[PDB]
């Protein structure tokens, strides 16, 4: 109720697009603004300083690539100040298909400092024609029965993939390397039993680096039957760590799976020594088998996994993200024919874990799960992740996931269904810890397109009970804007009126020129009625979409007053809480 509209400040670069202000974030050292590009323009991230009053675009130092999407997805970690930014517009073609996924960036210090990058849920292109090389271990450690089952594995893979466009080659490696048959040899016979008839166990060391280089330079050759327009694939089978060192830069263009088998890969430290030989992410290209017998189980993953139906080709990863306590998650709405899901990210961004609906039914498809992803952390109770599928059954729903506990796995603990078609229920989420006790007891769900009773958009308050989240109340915006999109932006604001209770802002960007509502924290929950309604008209005469984005966790200049940044069309605005 104490936000000073008469002192509001405006920030806008002279060439800001209309979507400058699509995302705003107060970080330690200023305010970040996401500015997706319109039309042909690429997107960008801006750095805005309160003392300067200017907004300057940021240059990313290691990004080969920038699409119009950049600026669409911004998150910050309250514990350590990290910044997560994603570009969900990494487009690429594979034969006549086009793939679309994201490119995510992690800034430990600030936008100007060191940056990590990765490609979550990135499905590599594998064309219709595939030249695949089996690079199989023949080291001193293998028993004759174990060597045979590696050979049986290669034969069974070729048996399943006979009568495809696949062409095959095989190289044994130990101390040295020997091509057991070339691509042209496979073309001549197509008989796995005859092609591997002369194989003799080398029974020496394990020189994986030299072997992989030998494949890239001595095996993938046109005069040996290799097709220059085929996708190069390499399957590496080993039962121990490499006895050499170096680099496999020569084989970087080759898609590399590696299969680690047996007792020598018992500790996960030794399993990670295989990651440098395989493609990314390791969760897809590194298979650890505890026994050679599980090689027969593998034909489902290394044959069926190598368009009317889509898995991750159009995942649209990075379309939403959150970052809390060093843990990053990005949504992937296109996953599984737009059924959706999210990607649990390893914090160097080089590996990921997909989590979606289960079971996959016809009903969840085109639901856009992962359109929002919001951590609901707790110190004593289990920590959860809320993710919206605002298109589920054309109505929308929210799934609640529980963090892996102990040795176990991600678990889905609750589903919350919307009731109105087109309402985009679950299109905006927000966790609130009112008393700042470390337990996130409230989940706010926005339904910004909700229609009826002379007010557009809804925000529902859910509170965590023993069995799950129970709907306790609703944040009540004004009537009079049936299309106003109340709830397009929801955020916890820390304490702006000094009573120790977190407060919440809700943005309604299409209520005339846009508006922001303040709901104060009380003992037991949130006040359903707002204590303040800031009209965009009052902030700027010609403003539009005021309230499209809100972030107010910070005191930007250290004067004792809370600051709240608000996005609008081509604008970012800073409001200060005043006594």
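Numbering follows the first chain given and starts at 1.
- Counting the deposited residues that fall between residue 306 and residue 307 and carry no coordinates gives a value of 10 or more.
- When 153-161 is weighed against 208-216, 153-161 comes out higher, by mean CA B-factor as recorded in the entry.
- Judged by mean Cα B factor in the deposited record, 518-526 ranks above the other of 65-73 and 518-526.
- The residue among 301, 503, 474, 351 whose C-alpha atom has the highest B-factor in the PDB entry is 301.
- Per the PDB record, 407 has a higher Cα B-factor than any other of 114, 407, 418, 377.
- Ranked against the other modelled residues of its chain, the C-alpha B-factor of residue 140 as given in the entry falls in the highest third.
- In the PDB entry, a CA B factor belonging to the highest third of its chain's modelled residues is recorded for residue 8.
- For residue 30, the recorded CA temperature factor ranks within the highest third of the chain's modelled residues.
- Ranked by C-alpha B-factor against the other modelled residues of its chain, residue 45 falls in the middle third.
- Among all modelled residues in this chain, the alpha-carbon of residue 87 has a temperature factor (C-alpha) in the lowest third.
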